[PDB]
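Down below is the structure, laid out as structure tokens.
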Amino acid sequence: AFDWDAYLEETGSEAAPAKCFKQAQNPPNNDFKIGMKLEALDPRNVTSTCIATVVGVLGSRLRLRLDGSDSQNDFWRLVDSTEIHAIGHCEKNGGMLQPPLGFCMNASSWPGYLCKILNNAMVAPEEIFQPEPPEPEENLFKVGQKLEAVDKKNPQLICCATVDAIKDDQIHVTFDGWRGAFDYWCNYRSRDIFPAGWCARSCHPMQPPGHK
Ligand SMILES: CNCCCC[C@H](N)C(=O)O
């Protein structure tokens with residue numbers, strides 16, 4: 001557990017208030033189990049809804065892998081992400097499940113492939129998907145404020161970070177102790193940012209500043 005209180009004191013800094021974030025007041029419970037299948041937007045084509053399997057759990061997050069793809073493009077979603085749903089959600093809504101972009105077979109093998117993987121599959125029930133947190137009505141972040149941020153280059157990691165700059169609805173996230181190489185701009189609505197103390201509360205590891 002990272003001592004934010006001591007760190008905000010020695011850096012003469014403020015943590016961005018919780019109201020800045022599209023996150024729940026309390027970290028949502030994670031009742032997902034490794035092996036459970038669900039529906040997710042393919043990060044490599046966000047128009048596609050694909051079958052994903054939980055290959056890891058960490059705090060309120062799921063590590064996901066798309067069935068029929070590869071093990072090199074896993075992605076992390078919170079249990080209250082709007083980009084994940086129970087199987088059957090896509091169809092109920094007038095849509096069709098797609099092969100992942102990294103699909104290991106030819107496309108005409110898809111319809112039969114879907115049947116094989118869904119056959120007696122462990123599926124996440126709809127009741128363990130958590131509700132979408134309320135969003136801020138505007139960008140309430142201020143320059144200099146600290147937070148917890150997913151390192152998008154190593155998304156398993158949530159790290160000590162600072163708001164460097166603000167342009168309208170975008171905030172510039174910088175990683176304390178790391179070269180500007182891990183910096184990024186994101187929307188203030190980003191699911192990848194959390195108030196200080198959130199990880200400790202969700203049992204997710206929290207990276208201290210880098211040694212640079
Ligand atoms: C913002 N977090 C940075 C983590 C980067 C870790 C990387 N493997 C390295 O050691 O460079």
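Residues are referred to by chain and number: the chain letter is A, B, ... according to the order shown in the structure tokens, the number counts from 1 in that chain, and ligands are numbered separately from 1 in the order shown.
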Please report, as a tab-separated table, each residue of chain A lying at most 10 Å from ligand 1, together with the nearest pair of atoms and the separation in Å rounded to one decimal; use only C-alpha atoms and all ligand atoms, and order rows by chain and ascending residue number.
residue	atom	partner	partner_atom_place_in_ligand_line	distance
A:149	CA	ligand 1	1 (C)	8.5
A:150	CA	ligand 1	1 (C)	7.9
A:151	CA	ligand 1	1 (C)	5.1
A:152	CA	ligand 1	1 (C)	8.2
A:153	CA	ligand 1	5 (C)	7.6
A:154	CA	ligand 1	4 (C)	6.4
A:155	CA	ligand 1	2 (N)	9.0
A:156	CA	ligand 1	4 (C)	9.6
A:157	CA	ligand 1	2 (N)	6.8
A:158	CA	ligand 1	2 (N)	7.7
A:159	CA	ligand 1	1 (C)	6.1
A:160	CA	ligand 1	1 (C)	7.9
A:161	CA	ligand 1	1 (C)	8.2
A:174	CA	ligand 1	1 (C)	8.3
A:175	CA	ligand 1	1 (C)	5.4
A:176	CA	ligand 1	1 (C)	7.7
A:177	CA	ligand 1	1 (C)	8.3
A:178	CA	ligand 1	1 (C)	6.2
A:179	CA	ligand 1	1 (C)	8.5
A:180	CA	ligand 1	1 (C)	9.2
A:181	CA	ligand 1	1 (C)	8.5
A:182	CA	ligand 1	1 (C)	5.4
A:183	CA	ligand 1	1 (C)	8.0
A:207	CA	ligand 1	2 (N)	7.4
A:208	CA	ligand 1	2 (N)	9.0
A:209	CA	ligand 1	1 (C)	8.2
A:210	CA	ligand 1	3 (C)	7.2
How would the residues just picked look written out with C-alpha atoms as a PDB file, in the first residue's frame?
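And here's result_17.pdb as it stands now:
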ATOM      1  CA  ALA A 149      -3.208   5.857 -13.950  1.00  0.00           C
ATOM      2  CA  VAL A 150      -2.953   2.733 -16.081  1.00  0.00           C
ATOM      3  CA  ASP A 151       0.357   2.658 -17.927  1.00  0.00           C
ATOM      4  CA  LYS A 152      -1.008   2.115 -21.449  1.00  0.00           C
ATOM      5  CA  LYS A 153       2.338   0.637 -22.575  1.00  0.00           C
ATOM      6  CA  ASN A 154       2.183  -1.940 -19.723  1.00  0.00           C
ATOM      7  CA  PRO A 155      -1.545  -1.999 -18.853  1.00  0.00           C
ATOM      8  CA  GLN A 156      -1.186  -4.492 -15.949  1.00  0.00           C
ATOM      9  CA  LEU A 157       0.366  -1.540 -14.069  1.00  0.00           C
ATOM     10  CA  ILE A 158      -1.483   1.304 -12.392  1.00  0.00           C
ATOM     11  CA  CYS A 159       0.958   3.978 -11.366  1.00  0.00           C
ATOM     12  CA  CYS A 160       1.580   7.199  -9.536  1.00  0.00           C
ATOM     13  CA  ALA A 161       0.854  10.026 -12.007  1.00  0.00           C
ATOM     14  CA  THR A 174       2.574  12.085 -16.833  1.00  0.00           C
ATOM     15  CA  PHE A 175       4.263   9.304 -14.805  1.00  0.00           C
ATOM     16  CA  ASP A 176       6.194  10.376 -11.720  1.00  0.00           C
ATOM     17  CA  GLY A 177       9.837   9.282 -11.904  1.00  0.00           C
ATOM     18  CA  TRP A 178       9.555   8.123 -15.515  1.00  0.00           C
ATOM     19  CA  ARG A 179      10.654   9.755 -18.771  1.00  0.00           C
ATOM     20  CA  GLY A 180       7.865  11.496 -20.740  1.00  0.00           C
ATOM     21  CA  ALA A 181       7.785   8.294 -22.843  1.00  0.00           C
ATOM     22  CA  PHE A 182       4.918   6.861 -20.797  1.00  0.00           C
ATOM     23  CA  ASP A 183       2.885  10.092 -20.971  1.00  0.00           C
ATOM     24  CA  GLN A 207       3.390   1.497  -8.672  1.00  0.00           C
ATOM     25  CA  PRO A 208       5.415   4.120  -6.763  1.00  0.00           C
ATOM     26  CA  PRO A 209       7.354   6.779  -8.763  1.00  0.00           C
ATOM     27  CA  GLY A 210      10.157   5.609 -11.051  1.00  0.00           C
TER      28      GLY A 210
END
Q: Considering only C-alpha atoms, return as a PyMOL selection string whatever protein or nucleic-acid residues lie within 7 Å of residue 188 (chain A), sequence-local ones (same chain, fewer than 6 positions apart) excluded.
A: chain A and resi 21+139+169-171
Practice prompt. Looking only at alpha helix (DSSP H) from DSSP on the backbone, list the matching residues of region 60-196 of chain A as a PyMOL selection string.
Written response: chain A and resi 89-92+110-118
CA of residue 28 (chain A) to CA of residue 58 (chain A) measures 12.0 Å
Considering only C-alpha atoms, return as a compact mmCIF listing (two decimals) with N, CA, C and O atoms, in the first residue's frame whatever protein or nucleic-acid residues lie within 9 Å of region 116-119 of chain A, sequence-local ones (same chain, fewer than 2 positions apart) excluded.
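Everything below was put into part.txt:
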# COMPACT_ATOMS: atom_id res chain seq x y z
N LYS A 37 -16.37 -16.85 -19.96
CA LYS A 37 -16.47 -16.20 -21.26
C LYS A 37 -17.49 -15.07 -21.21
O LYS A 37 -18.49 -15.12 -20.46
N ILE A 51 -16.10 -12.76 -28.63
CA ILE A 51 -16.03 -13.59 -27.43
C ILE A 51 -14.63 -13.42 -26.81
O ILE A 51 -13.61 -13.54 -27.51
N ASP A 67 -10.99 -15.29 -27.76
CA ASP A 67 -10.97 -16.64 -28.26
C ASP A 67 -10.63 -16.68 -29.75
O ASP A 67 -11.16 -15.89 -30.54
N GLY A 68 -9.74 -17.60 -30.12
CA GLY A 68 -9.33 -17.77 -31.51
C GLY A 68 -8.25 -16.82 -31.98
O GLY A 68 -7.90 -16.84 -33.16
N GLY A 112 -18.81 -21.93 -37.49
CA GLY A 112 -18.58 -23.21 -36.81
C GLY A 112 -17.67 -23.12 -35.59
O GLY A 112 -17.86 -23.85 -34.62
N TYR A 113 -16.68 -22.24 -35.66
CA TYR A 113 -15.77 -21.99 -34.54
C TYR A 113 -16.50 -21.45 -33.31
O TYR A 113 -16.24 -21.89 -32.19
N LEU A 114 -17.41 -20.50 -33.53
CA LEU A 114 -18.20 -19.88 -32.45
C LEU A 114 -19.00 -20.94 -31.68
O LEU A 114 -19.02 -20.93 -30.45
N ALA A 121 -19.50 -23.91 -22.43
CA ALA A 121 -18.52 -22.93 -21.96
C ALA A 121 -18.88 -22.38 -20.59
O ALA A 121 -20.06 -22.21 -20.28
N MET A 122 -17.86 -22.10 -19.77
CA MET A 122 -18.06 -21.34 -18.55
C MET A 122 -18.39 -19.90 -18.99
O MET A 122 -17.60 -19.28 -19.67
N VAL A 123 -19.59 -19.42 -18.65
CA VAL A 123 -19.99 -18.06 -18.99
C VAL A 123 -20.21 -17.22 -17.74
O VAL A 123 -20.78 -17.68 -16.76
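Nearest residue to residue 125 (chain A) among A:144, A:88, A:100, A:94 is A:88, counting only C-alpha atoms.
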From the list A:13, A:162, A:146, A:47, the nearest residue to residue 197 (chain A) using only C-alpha atoms is A:146
As a count of residues only, please: the residues near residue 26 (chain A) (cut-off 9 Å, only C-alpha atoms, same-chain neighbours under 6 positions excluded). 3
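CA of residue 3 (chain A) lies 12.3 Å from CA of residue 15 (chain A).
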Looking only at the backbone, which of the residues in region 11-181 of chain A does DSSP tag as strand (DSSP E), as a PDB file with N, CA, C and O atoms, in the first residue's frame?
ATOM      1  N   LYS A  37     -16.370 -16.848 -19.955  1.00  0.00           N
ATOM      2  CA  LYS A  37     -16.471 -16.201 -21.260  1.00  0.00           C
ATOM      3  C   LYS A  37     -17.493 -15.066 -21.208  1.00  0.00           C
ATOM      4  O   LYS A  37     -18.491 -15.123 -20.457  1.00  0.00           O
ATOM      5  N   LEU A  38     -17.232 -14.040 -22.008  1.00  0.00           N
ATOM      6  CA  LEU A  38     -18.096 -12.871 -22.093  1.00  0.00           C
ATOM      7  C   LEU A  38     -17.950 -12.243 -23.484  1.00  0.00           C
ATOM      8  O   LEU A  38     -17.196 -12.762 -24.325  1.00  0.00           O
ATOM      9  N   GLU A  39     -18.695 -11.165 -23.727  1.00  0.00           N
ATOM     10  CA  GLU A  39     -18.603 -10.413 -24.965  1.00  0.00           C
ATOM     11  C   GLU A  39     -17.860  -9.095 -24.733  1.00  0.00           C
ATOM     12  O   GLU A  39     -18.160  -8.372 -23.791  1.00  0.00           O
ATOM     13  N   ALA A  40     -16.883  -8.800 -25.590  1.00  0.00           N
ATOM     14  CA  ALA A  40     -16.096  -7.561 -25.500  1.00  0.00           C
ATOM     15  C   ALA A  40     -15.866  -6.939 -26.879  1.00  0.00           C
ATOM     16  O   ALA A  40     -15.809  -7.652 -27.886  1.00  0.00           O
ATOM     17  N   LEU A  41     -15.728  -5.616 -26.919  1.00  0.00           N
ATOM     18  CA  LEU A  41     -15.276  -4.931 -28.137  1.00  0.00           C
ATOM     19  C   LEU A  41     -13.837  -5.294 -28.347  1.00  0.00           C
ATOM     20  O   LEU A  41     -13.035  -5.196 -27.415  1.00  0.00           O
ATOM     21  N   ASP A  42     -13.513  -5.693 -29.569  1.00  0.00           N
ATOM     22  CA  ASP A  42     -12.142  -5.983 -29.985  1.00  0.00           C
ATOM     23  C   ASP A  42     -11.317  -4.677 -30.002  1.00  0.00           C
ATOM     24  O   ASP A  42     -11.595  -3.786 -30.809  1.00  0.00           O
ATOM     25  N   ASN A  45     -10.280  -3.835 -33.424  1.00  0.00           N
ATOM     26  CA  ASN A  45     -11.367  -3.279 -34.245  1.00  0.00           C
ATOM     27  C   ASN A  45     -12.602  -3.040 -33.396  1.00  0.00           C
ATOM     28  O   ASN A  45     -13.397  -3.950 -33.172  1.00  0.00           O
ATOM     29  N   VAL A  46     -12.757  -1.809 -32.920  1.00  0.00           N
ATOM     30  CA  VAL A  46     -13.777  -1.516 -31.901  1.00  0.00           C
ATOM     31  C   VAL A  46     -15.196  -1.510 -32.421  1.00  0.00           C
ATOM     32  O   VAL A  46     -16.146  -1.306 -31.649  1.00  0.00           O
ATOM     33  N   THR A  47     -15.348  -1.732 -33.721  1.00  0.00           N
ATOM     34  CA  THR A  47     -16.663  -1.952 -34.288  1.00  0.00           C
ATOM     35  C   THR A  47     -17.144  -3.382 -33.992  1.00  0.00           C
ATOM     36  O   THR A  47     -18.348  -3.631 -33.957  1.00  0.00           O
ATOM     37  N   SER A  48     -16.204  -4.310 -33.758  1.00  0.00           N
ATOM     38  CA  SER A  48     -16.527  -5.719 -33.518  1.00  0.00           C
ATOM     39  C   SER A  48     -16.782  -6.067 -32.053  1.00  0.00           C
ATOM     40  O   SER A  48     -15.981  -5.718 -31.174  1.00  0.00           O
ATOM     41  N   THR A  49     -17.877  -6.799 -31.819  1.00  0.00           N
ATOM     42  CA  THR A  49     -18.089  -7.498 -30.548  1.00  0.00           C
ATOM     43  C   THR A  49     -17.656  -8.947 -30.688  1.00  0.00           C
ATOM     44  O   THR A  49     -18.127  -9.663 -31.577  1.00  0.00           O
ATOM     45  N   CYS A  50     -16.740  -9.357 -29.813  1.00  0.00           N
ATOM     46  CA  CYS A  50     -16.111 -10.687 -29.876  1.00  0.00           C
ATOM     47  C   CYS A  50     -16.253 -11.436 -28.567  1.00  0.00           C
ATOM     48  O   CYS A  50     -16.511 -10.831 -27.527  1.00  0.00           O
ATOM     49  N   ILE A  51     -16.095 -12.757 -28.626  1.00  0.00           N
ATOM     50  CA  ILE A  51     -16.028 -13.589 -27.429  1.00  0.00           C
ATOM     51  C   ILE A  51     -14.633 -13.419 -26.815  1.00  0.00           C
ATOM     52  O   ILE A  51     -13.609 -13.544 -27.511  1.00  0.00           O
ATOM     53  N   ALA A  52     -14.620 -13.119 -25.518  1.00  0.00           N
ATOM     54  CA  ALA A  52     -13.407 -12.980 -24.704  1.00  0.00           C
ATOM     55  C   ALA A  52     -13.475 -13.934 -23.512  1.00  0.00           C
ATOM     56  O   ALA A  52     -14.561 -14.258 -23.032  1.00  0.00           O
ATOM     57  N   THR A  53     -12.312 -14.375 -23.039  1.00  0.00           N
ATOM     58  CA  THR A  53     -12.212 -15.191 -21.832  1.00  0.00           C
ATOM     59  C   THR A  53     -11.418 -14.444 -20.759  1.00  0.00           C
ATOM     60  O   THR A  53     -10.413 -13.794 -21.059  1.00  0.00           O
ATOM     61  N   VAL A  54     -11.859 -14.557 -19.510  1.00  0.00           N
ATOM     62  CA  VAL A  54     -11.102 -14.027 -18.393  1.00  0.00           C
ATOM     63  C   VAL A  54      -9.864 -14.909 -18.228  1.00  0.00           C
ATOM     64  O   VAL A  54      -9.989 -16.114 -17.965  1.00  0.00           O
ATOM     65  N   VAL A  55      -8.674 -14.329 -18.426  1.00  0.00           N
ATOM     66  CA  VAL A  55      -7.417 -15.078 -18.254  1.00  0.00           C
ATOM     67  C   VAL A  55      -6.659 -14.606 -16.998  1.00  0.00           C
ATOM     68  O   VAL A  55      -5.605 -15.140 -16.659  1.00  0.00           O
ATOM     69  N   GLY A  56      -7.229 -13.623 -16.306  1.00  0.00           N
ATOM     70  CA  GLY A  56      -6.651 -13.059 -15.090  1.00  0.00           C
ATOM     71  C   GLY A  56      -7.621 -12.079 -14.440  1.00  0.00           C
ATOM     72  O   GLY A  56      -8.509 -11.524 -15.091  1.00  0.00           O
ATOM     73  N   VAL A  57      -7.457 -11.885 -13.136  1.00  0.00           N
ATOM     74  CA  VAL A  57      -8.260 -10.966 -12.364  1.00  0.00           C
ATOM     75  C   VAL A  57      -7.265 -10.218 -11.506  1.00  0.00           C
ATOM     76  O   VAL A  57      -6.321 -10.814 -10.967  1.00  0.00           O
ATOM     77  N   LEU A  58      -7.440  -8.914 -11.392  1.00  0.00           N
ATOM     78  CA  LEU A  58      -6.619  -8.133 -10.497  1.00  0.00           C
ATOM     79  C   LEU A  58      -7.465  -6.962 -10.035  1.00  0.00           C
ATOM     80  O   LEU A  58      -7.920  -6.164 -10.859  1.00  0.00           O
ATOM     81  N   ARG A  61     -10.446  -5.350 -11.936  1.00  0.00           N
ATOM     82  CA  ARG A  61     -10.154  -5.494 -13.360  1.00  0.00           C
ATOM     83  C   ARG A  61     -10.083  -6.954 -13.822  1.00  0.00           C
ATOM     84  O   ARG A  61      -9.789  -7.859 -13.041  1.00  0.00           O
ATOM     85  N   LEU A  62     -10.345  -7.148 -15.108  1.00  0.00           N
ATOM     86  CA  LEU A  62     -10.242  -8.429 -15.778  1.00  0.00           C
ATOM     87  C   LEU A  62      -9.169  -8.319 -16.845  1.00  0.00           C
ATOM     88  O   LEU A  62      -9.155  -7.349 -17.605  1.00  0.00           O
ATOM     89  N   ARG A  63      -8.282  -9.308 -16.900  1.00  0.00           N
ATOM     90  CA  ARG A  63      -7.422  -9.491 -18.055  1.00  0.00           C
ATOM     91  C   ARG A  63      -8.170 -10.385 -19.061  1.00  0.00           C
ATOM     92  O   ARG A  63      -8.619 -11.489 -18.728  1.00  0.00           O
ATOM     93  N   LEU A  64      -8.316  -9.881 -20.286  1.00  0.00           N
ATOM     94  CA  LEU A  64      -9.117 -10.555 -21.298  1.00  0.00           C
ATOM     95  C   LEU A  64      -8.293 -10.960 -22.499  1.00  0.00           C
ATOM     96  O   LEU A  64      -7.328 -10.285 -22.880  1.00  0.00           O
ATOM     97  N   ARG A  65      -8.677 -12.094 -23.079  1.00  0.00           N
ATOM     98  CA  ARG A  65      -8.071 -12.599 -24.287  1.00  0.00           C
ATOM     99  C   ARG A  65      -9.205 -13.017 -25.212  1.00  0.00           C
ATOM    100  O   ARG A  65     -10.146 -13.678 -24.772  1.00  0.00           O
ATOM    101  N   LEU A  66      -9.135 -12.635 -26.484  1.00  0.00           N
ATOM    102  CA  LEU A  66     -10.195 -13.034 -27.418  1.00  0.00           C
ATOM    103  C   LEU A  66      -9.963 -14.456 -27.919  1.00  0.00           C
ATOM    104  O   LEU A  66      -8.878 -14.799 -28.413  1.00  0.00           O
ATOM    105  N   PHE A  75      -5.952  -7.614 -22.936  1.00  0.00           N
ATOM    106  CA  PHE A  75      -6.359  -6.275 -22.554  1.00  0.00           C
ATOM    107  C   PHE A  75      -7.116  -6.310 -21.225  1.00  0.00           C
ATOM    108  O   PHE A  75      -7.614  -7.354 -20.819  1.00  0.00           O
ATOM    109  N   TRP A  76      -7.158  -5.155 -20.557  1.00  0.00           N
ATOM    110  CA  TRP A  76      -7.720  -5.022 -19.218  1.00  0.00           C
ATOM    111  C   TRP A  76      -8.947  -4.147 -19.232  1.00  0.00           C
ATOM    112  O   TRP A  76      -8.924  -3.023 -19.760  1.00  0.00           O
ATOM    113  N   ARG A  77     -10.018  -4.666 -18.642  1.00  0.00           N
ATOM    114  CA  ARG A  77     -11.260  -3.927 -18.485  1.00  0.00           C
ATOM    115  C   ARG A  77     -11.770  -4.029 -17.038  1.00  0.00           C
ATOM    116  O   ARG A  77     -11.717  -5.109 -16.425  1.00  0.00           O
ATOM    117  N   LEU A  78     -12.269  -2.913 -16.500  1.00  0.00           N
ATOM    118  CA  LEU A  78     -12.954  -2.929 -15.211  1.00  0.00           C
ATOM    119  C   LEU A  78     -14.272  -3.697 -15.311  1.00  0.00           C
ATOM    120  O   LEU A  78     -14.915  -3.725 -16.368  1.00  0.00           O
ATOM    121  N   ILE A  84     -17.923  -4.390 -22.044  1.00  0.00           N
ATOM    122  CA  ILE A  84     -18.044  -5.820 -21.768  1.00  0.00           C
ATOM    123  C   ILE A  84     -19.476  -6.146 -21.405  1.00  0.00           C
ATOM    124  O   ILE A  84     -20.155  -5.340 -20.756  1.00  0.00           O
ATOM    125  N   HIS A  85     -19.953  -7.298 -21.869  1.00  0.00           N
ATOM    126  CA  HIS A  85     -21.318  -7.739 -21.570  1.00  0.00           C
ATOM    127  C   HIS A  85     -21.391  -9.254 -21.464  1.00  0.00           C
ATOM    128  O   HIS A  85     -20.468  -9.953 -21.901  1.00  0.00           O
ATOM    129  N   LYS A 146      -2.460  15.019  -8.610  1.00  0.00           N
ATOM    130  CA  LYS A 146      -1.989  13.649  -8.713  1.00  0.00           C
ATOM    131  C   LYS A 146      -3.131  12.633  -8.732  1.00  0.00           C
ATOM    132  O   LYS A 146      -4.251  12.909  -8.254  1.00  0.00           O
ATOM    133  N   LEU A 147      -2.843  11.474  -9.323  1.00  0.00           N
ATOM    134  CA  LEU A 147      -3.813  10.399  -9.474  1.00  0.00           C
ATOM    135  C   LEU A 147      -3.136   9.050  -9.689  1.00  0.00           C
ATOM    136  O   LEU A 147      -1.915   8.953  -9.750  1.00  0.00           O
ATOM    137  N   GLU A 148      -3.958   8.016  -9.816  1.00  0.00           N
ATOM    138  CA  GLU A 148      -3.500   6.692 -10.219  1.00  0.00           C
ATOM    139  C   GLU A 148      -3.909   6.449 -11.683  1.00  0.00           C
ATOM    140  O   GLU A 148      -5.070   6.660 -12.050  1.00  0.00           O
ATOM    141  N   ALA A 149      -2.945   6.053 -12.518  1.00  0.00           N
ATOM    142  CA  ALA A 149      -3.208   5.857 -13.950  1.00  0.00           C
ATOM    143  C   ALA A 149      -2.682   4.529 -14.488  1.00  0.00           C
ATOM    144  O   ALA A 149      -1.599   4.088 -14.118  1.00  0.00           O
ATOM    145  N   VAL A 150      -3.451   3.892 -15.363  1.00  0.00           N
ATOM    146  CA  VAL A 150      -2.953   2.733 -16.081  1.00  0.00           C
ATOM    147  C   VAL A 150      -1.805   3.188 -16.988  1.00  0.00           C
ATOM    148  O   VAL A 150      -1.907   4.211 -17.678  1.00  0.00           O
ATOM    149  N   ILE A 158      -0.860   0.030 -12.722  1.00  0.00           N
ATOM    150  CA  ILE A 158      -1.483   1.304 -12.392  1.00  0.00           C
ATOM    151  C   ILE A 158      -0.484   2.010 -11.501  1.00  0.00           C
ATOM    152  O   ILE A 158       0.050   1.414 -10.545  1.00  0.00           O
ATOM    153  N   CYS A 159      -0.203   3.265 -11.855  1.00  0.00           N
ATOM    154  CA  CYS A 159       0.958   3.978 -11.366  1.00  0.00           C
ATOM    155  C   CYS A 159       0.643   5.392 -10.894  1.00  0.00           C
ATOM    156  O   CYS A 159      -0.326   6.036 -11.319  1.00  0.00           O
ATOM    157  N   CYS A 160       1.490   5.835  -9.987  1.00  0.00           N
ATOM    158  CA  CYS A 160       1.580   7.199  -9.536  1.00  0.00           C
ATOM    159  C   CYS A 160       1.757   8.148 -10.746  1.00  0.00           C
ATOM    160  O   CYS A 160       2.664   7.971 -11.573  1.00  0.00           O
ATOM    161  N   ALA A 161       0.870   9.130 -10.856  1.00  0.00           N
ATOM    162  CA  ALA A 161       0.854  10.026 -12.007  1.00  0.00           C
ATOM    163  C   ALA A 161       0.406  11.458 -11.658  1.00  0.00           C
ATOM    164  O   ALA A 161      -0.169  11.708 -10.593  1.00  0.00           O
ATOM    165  N   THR A 162       0.682  12.390 -12.566  1.00  0.00           N
ATOM    166  CA  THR A 162       0.327  13.794 -12.382  1.00  0.00           C
ATOM    167  C   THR A 162      -0.310  14.355 -13.647  1.00  0.00           C
ATOM    168  O   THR A 162       0.143  14.051 -14.751  1.00  0.00           O
ATOM    169  N   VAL A 163      -1.348  15.173 -13.481  1.00  0.00           N
ATOM    170  CA  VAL A 163      -1.877  16.007 -14.571  1.00  0.00           C
ATOM    171  C   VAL A 163      -0.945  17.199 -14.887  1.00  0.00           C
ATOM    172  O   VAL A 163      -0.742  18.111 -14.078  1.00  0.00           O
ATOM    173  N   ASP A 164      -0.410  17.153 -16.102  1.00  0.00           N
ATOM    174  CA  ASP A 164       0.655  18.014 -16.609  1.00  0.00           C
ATOM    175  C   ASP A 164       0.074  19.234 -17.287  1.00  0.00           C
ATOM    176  O   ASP A 164       0.656  20.324 -17.268  1.00  0.00           O
ATOM    177  N   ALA A 165      -1.074  19.025 -17.925  1.00  0.00           N
ATOM    178  CA  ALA A 165      -1.662  20.010 -18.826  1.00  0.00           C
ATOM    179  C   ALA A 165      -3.097  19.614 -19.112  1.00  0.00           C
ATOM    180  O   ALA A 165      -3.460  18.446 -18.980  1.00  0.00           O
ATOM    181  N   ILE A 166      -3.906  20.598 -19.492  1.00  0.00           N
ATOM    182  CA  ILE A 166      -5.316  20.392 -19.807  1.00  0.00           C
ATOM    183  C   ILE A 166      -5.664  21.192 -21.064  1.00  0.00           C
ATOM    184  O   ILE A 166      -5.297  22.352 -21.161  1.00  0.00           O
ATOM    185  N   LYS A 167      -6.320  20.534 -22.028  1.00  0.00           N
ATOM    186  CA  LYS A 167      -6.916  21.162 -23.214  1.00  0.00           C
ATOM    187  C   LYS A 167      -8.367  20.699 -23.327  1.00  0.00           C
ATOM    188  O   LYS A 167      -8.632  19.583 -23.791  1.00  0.00           O
ATOM    189  N   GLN A 170      -9.579  16.997 -22.614  1.00  0.00           N
ATOM    190  CA  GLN A 170      -8.404  16.144 -22.529  1.00  0.00           C
ATOM    191  C   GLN A 170      -7.469  16.574 -21.394  1.00  0.00           C
ATOM    192  O   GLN A 170      -7.204  17.765 -21.207  1.00  0.00           O
ATOM    193  N   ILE A 171      -6.971  15.591 -20.650  1.00  0.00           N
ATOM    194  CA  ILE A 171      -5.921  15.807 -19.650  1.00  0.00           C
ATOM    195  C   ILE A 171      -4.629  15.093 -20.076  1.00  0.00           C
ATOM    196  O   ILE A 171      -4.678  14.035 -20.721  1.00  0.00           O
ATOM    197  N   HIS A 172      -3.483  15.683 -19.746  1.00  0.00           N
ATOM    198  CA  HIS A 172      -2.209  15.070 -20.069  1.00  0.00           C
ATOM    199  C   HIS A 172      -1.637  14.418 -18.830  1.00  0.00           C
ATOM    200  O   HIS A 172      -1.295  15.098 -17.855  1.00  0.00           O
ATOM    201  N   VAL A 173      -1.560  13.089 -18.891  1.00  0.00           N
ATOM    202  CA  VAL A 173      -1.097  12.252 -17.794  1.00  0.00           C
ATOM    203  C   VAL A 173       0.403  11.995 -17.944  1.00  0.00           C
ATOM    204  O   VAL A 173       0.864  11.535 -18.994  1.00  0.00           O
ATOM    205  N   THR A 174       1.144  12.305 -16.884  1.00  0.00           N
ATOM    206  CA  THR A 174       2.574  12.085 -16.833  1.00  0.00           C
ATOM    207  C   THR A 174       2.920  11.165 -15.649  1.00  0.00           C
ATOM    208  O   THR A 174       2.281  11.243 -14.589  1.00  0.00           O
ATOM    209  N   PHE A 175       3.920  10.300 -15.831  1.00  0.00           N
ATOM    210  CA  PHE A 175       4.263   9.304 -14.805  1.00  0.00           C
ATOM    211  C   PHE A 175       5.443   9.709 -13.942  1.00  0.00           C
ATOM    212  O   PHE A 175       6.565   9.893 -14.435  1.00  0.00           O
TER     213      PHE A 175
END
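Reported to one decimal place, the separation of CA of residue 211 (chain A) from CA of residue 194 (chain A) is 22.3 Å.
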Please provide the set of residues having any atom within 8 Å of residue 81 (chain A), restricted to only C-alpha atoms, with same-chain residues fewer than 6 positions apart removed, written as a PDB file with C-alpha atoms, in the first residue's frame.
ATOM      1  CA  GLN A 130     -21.260  -3.962 -12.444  1.00  0.00           C
ATOM      2  CA  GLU A 132     -21.661   2.087 -15.217  1.00  0.00           C
ATOM      3  CA  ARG A 191     -11.775   4.466 -17.321  1.00  0.00           C
TER       4      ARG A 191
END
With distances taken over only C-alpha atoms, the candidate from A:92, A:33, A:22, A:212 nearest residue 80 (chain A) is A:22
